[PDB]
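Below you will find one chain, with nothing else, as C-alpha cells; this is the form deposited in one PDB entry, and questions on how it binds or moves follow later.
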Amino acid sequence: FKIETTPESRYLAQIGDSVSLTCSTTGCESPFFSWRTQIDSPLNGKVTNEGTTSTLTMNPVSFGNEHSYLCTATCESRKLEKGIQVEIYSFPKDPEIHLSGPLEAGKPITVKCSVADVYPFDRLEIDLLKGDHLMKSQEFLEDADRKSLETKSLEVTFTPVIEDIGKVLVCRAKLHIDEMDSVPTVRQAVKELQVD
C-alpha cells in the first residue's frame, strides 16, 4: 500500500490559525492511522479518522504544535511513516519607540525600540535609525529555545547635537519569514526628535 500527506512535508502557520494536516493511504482496505510528534509528547491537536484519511486538526495552532508530526499508517501488519514539520510565525504589531526624556544639550537620551509577539526570534532583526543612518541593529539567536511571545528589544544611548532636532528616529522590525526572499517582512515606527 502507499502513504501520502497534505501538505507534502511542511506547514508554516501563523499562531492562532486553524491548522489541518491529513494522512491518507491507497492500496489498503482497512488502514489504521496514528499520529505522534518526534518525541512522543502530547499532540495538542485532535485526530479524526474517516475512511482512508486521518486528519490532525490543531486549532488554534500554538507553540505546542511546533513539531515534526509523524503519521504512521498501518495496513495488515505493515506500517509506513511520513512526517510534516509544523512551523509557526507571529508578526502582528508594529514596533514601538520610547525615549528616556526630551532633547537636552549635553544630556544623553536612551531610545528603546521594541516589538511585541513576534515569532520566530532567530529570524528577527530590529534596526534603529536616525534619519537614513543606522544607529544600531539587534539580532536574537542566543535567547535559545524560548518559544513564548516575549517582547524583543533594541536599546541605544546617544547625546543629542543641535543638528538632530527635527530628524526622525526610525525603528524597523524585520522578520525573515520567507527564506527565498532577499527582502524581509517589515513593520516600522517613527518618532520625531523635537526639542524640549
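Numbering starts at 1 and follows the sequence shown.
Beyond what is shown, the protein has a form deposited in another entry; the following relates to that form.
Of the candidates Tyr89, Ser41, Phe140, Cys28, only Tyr89 lies at a hinge (point where C-alphas switch from fitting one rigid part better to fitting the other better) between the shown form and the other one. With a change of no less than 3 Å, the CA-CA distance between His67 and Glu142 is larger in that other deposited form than in the form shown. Put simply, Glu66 and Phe140 spread apart in that other deposited form: their C-alpha atoms are 3 Å or more farther than in the form shown.
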